[PDB]
Amino acid sequence: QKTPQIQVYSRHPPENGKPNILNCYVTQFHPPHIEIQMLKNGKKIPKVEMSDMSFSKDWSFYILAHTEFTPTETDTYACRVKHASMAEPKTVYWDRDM
Amino acid sequence: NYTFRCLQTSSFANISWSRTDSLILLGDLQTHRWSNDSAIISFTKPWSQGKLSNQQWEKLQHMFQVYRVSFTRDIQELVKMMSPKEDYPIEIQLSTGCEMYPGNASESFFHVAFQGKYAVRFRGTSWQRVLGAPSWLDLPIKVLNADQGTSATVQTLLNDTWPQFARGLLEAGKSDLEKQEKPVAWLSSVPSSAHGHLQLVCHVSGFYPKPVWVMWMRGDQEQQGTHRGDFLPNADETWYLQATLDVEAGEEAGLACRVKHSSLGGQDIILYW
Ligand SMILES: CCCCCCCCCCCCCC[C@@H](O)[C@@H](O)[C@H](CO[C@H]1O[C@H](CO)[C@H](O)[C@H](O)[C@H]1O)NC(=O)CCCCCCCCCC
Ligand SMILES: *[C@@H]1O[C@H](CO)[C@@H](O[C@@H]2O[C@H](CO)[C@@H](O)[C@H](O)[C@H]2NC(C)=O)[C@H](O)[C@H]1NC(C)=O
Ligand SMILES: *[C@@H]1O[C@H](CO)[C@@H](O)[C@H](O)[C@H]1NC(C)=O
């Protein structure tokens with residue numbers, strides 16, 4: 001059992017009110033069974049696409065979630081991951097400055 | 001150099017329940033998809049047939065179809081008979097392909113991970129256990145090695161199919177593999193827990209191909225404290241990368257982020273704080 005690492009980042013320079021794409025890249029987890037949701041204001045976004053489950057040369061799994069979003073002054077965005085290596089879901093919030 | 005690779009992930013949970021999913025990649029571009037839900041291999045690129053005519057691709061394609069059903073029942077039979085532990089759950093990862101060297105030179109491989117760990121390889125004519133793998137795997141390995149019909153097929157894969165198919169893929173997708181997409185840079189900073197300290201971040205997204213050079217500069221001088229993050233993928237198979245520099249308060253003024261990429265010619269991106 002290995003714990004997943006979560007990285008959240010936007011495709012383009014974030015600018016409030018302009019449509020963008022938010023990515024959530026999840027790595028290092030084992031076994032490959034995993035649940036990944038992307039959240040807007042703690043609410044789960046409906047149209048979230050996933051890449052095909054792959055893994056690196058060292059056998060570390062990795063998978064890309066992404067969805068369209070329009071960054072804003074008020075809204076929070078987060079990626080929530082559930083995996084048997086963790087007692088609780090891990091949520092990492094999007095922060096355009098990180 | 002490009003690594004051609006078929007990556008298979010297989011999960012056996014209880015006596016009824018298994019699924020096998022796989023994809024094929026050439027370098028960092030995906031060329032094929034095979035979900036457990038589909039009966040047949042999909043293309044994910046226009047050139048994913050490489051140079052095979054239809055007849056030969058269909059032969060390779062049917063070969064995959066028989067294998068997936070054969071593979072699934074084999075593992076469960078092998079593990080049920082010889083695993084000194086319970087025969088579920090089983091996680092198998094599988095990587096076979098060849099590394100492409102310029103000038104028509106290749107090097108094939110077939111690697112198998114068992115419960116998340118490198119366990120088996122295929123060299124010459126036989127499967128071989130690797131250092132560190134559970135010793136009891138010796139018995140299923142010997143049983144698999146008595147199947148010379150399968151051994152011969154794998155030999156043909158490693159000696160002929162993968163090198164020749166991937167050379168045709170490489171040339172049918174040369175334009176895609178060599179397209180140039182430009183990076184786009186933007187800057188941000190985050191506080192440190194300590195006062196007077198903060199961390200500059202230079203975000204660089206959208207570039208292809210992958211090799212790129214991102215540094216924090218003060219004029220001529222490279223700031224050696226620059227920390228390059230990991231290459232992160234974008235949905236359009238461009239790349240994302242950020243580089244960070246911890247600086248004392250006030251030192252940010254006059255610092256720039258310099259981006260060297262093959263898509264820019266010699267015109268570096270220079271983006272001052
Ligand atoms: C305990 C944990 C062990 C982990 C180690 C894993 C070892 C590597 C995986 C072995 C994969 C092979 C699996 C199928 C093979 O067991 C055999 O039944 C089939 C069909 O075999 C029958 O039908 C054949 C004709 O269709 C032929 O007559 C055989 O003699 C007969 O026994 N073997 C095959 O399908 C040969 C194809 C080799 C696989 C190439 C596709 C792999 C590509 C993966 C990306
Ligand atoms: C595929 O290539 C391998 C070499 O990588 C061949 O392996 C040799 O096989 C013979 C028996 O057939 C052995 O005596 C040699 O020791 C093997 N060489 C090595 C380096 O392991 C294999 O025969 C080839 N198979 C086909 C069908 O072409
Ligand atoms: C995977 O595919 C096989 C045959 O196509 C099917 O019998 C099996 O139920 C599938 N697995 C899952 C988890 O749906």
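Because only heavy atoms are used, hydrogens play no part in the values below, and waters and symmetry mates are left out as well, while side chains stay in. So that the names make sense, note that chain A is the first sequence line, chain B the second, and so on, each numbered from 1.
- Using a 4.5 Å cut-off between heavy atoms, A:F55 touches chain B through backbone and side chain atoms alike.
- Heavy atoms of B:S189 lying under 4.5 Å from chain A belong exclusively to its backbone.
- The choice from B:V184, B:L7, B:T44, B:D230 that makes the most heavy-atom pairs within less than 4.5 Å of chain A is B:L7.
- Contact annotation for B:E91: only side-chain heavy atoms (C-beta onward) come within less than 4.5 Å of a heavy atom of chain A.
- B:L23 touches chain A through its side chain: at least one heavy atom from C-beta onward sits under 4.5 Å away, while N, CA, C and O do not.
- Cation-pi geometry between B:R68 and B:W34 is met: the NZ or CZ atom falls under 6.0 Å from the ring centre, inside 45° of the normal.
- Looking only at heavy-atom pairs under 4.5 Å with chain A, the residue among B:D236, B:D21, B:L232 that has the most is B:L232.
- Your options are A:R11, A:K57, A:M98, and the one with the most heavy-atom pairs under 4.5 Å with chain B is A:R11.
- Taking the six-membered ring for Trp, B:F207 and B:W239 have ring centres at least 6.0 Å apart.
- Note: A:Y62 and A:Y25 have tilted aromatic rings, judged against thresholds of 30 and 60 degrees for the angle between ring planes.
- Contact annotation for B:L25: only side-chain heavy atoms (C-beta onward) come within less than 4.5 Å of a heavy atom of chain A.
- For A:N23, the part lying near chain B is the side chain, with the backbone staying farther off; criterion is any non-hydrogen pair under 4.5 Å.
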- Candidate pair B:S188 and B:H203, rule side-chain contact (heavy atoms from CB on, under 4.5 Å), full reasoning: CA-CA 8 Å; B:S188 69; B:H203 318 244; 2.8 Å; yes

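- A:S51 does not touch chain B: none of its heavy atoms, backbone or side chain, sits under 4.5 Å away.
- In this structure, chain A has heavy atoms under 4.5 Å from both the backbone and the side chain of B:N234.
- With 3.5 Å as the limit, one finds no donor-acceptor pair spanning the side chains of B:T238 and B:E181.
- Between B:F109 and B:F122, the ring centre distance reaches or exceeds 6.0 Å.
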- Task: Determine, stepwise, if the pair B:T96 / B:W162 fulfils side chain to side chain donor-acceptor pair (under 3.5 Å).
- Result: CA-CA 9 Å; B:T96 181; B:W162 296 161; 2.8 Å; yes

- Check the pair B:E237 / B:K210 against salt bridge (charged side-chain N to carboxylate O under 4.0 Å, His left out), numbers first and verdict last. CA-CA 10 Å; B:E237 300 200 311; B:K210 173 131 98 158; over 6 Å; no

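- B:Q8 touches chain A through its backbone: at least one of N, CA, C or O sits under 4.5 Å from a heavy atom, while the side chain does not.
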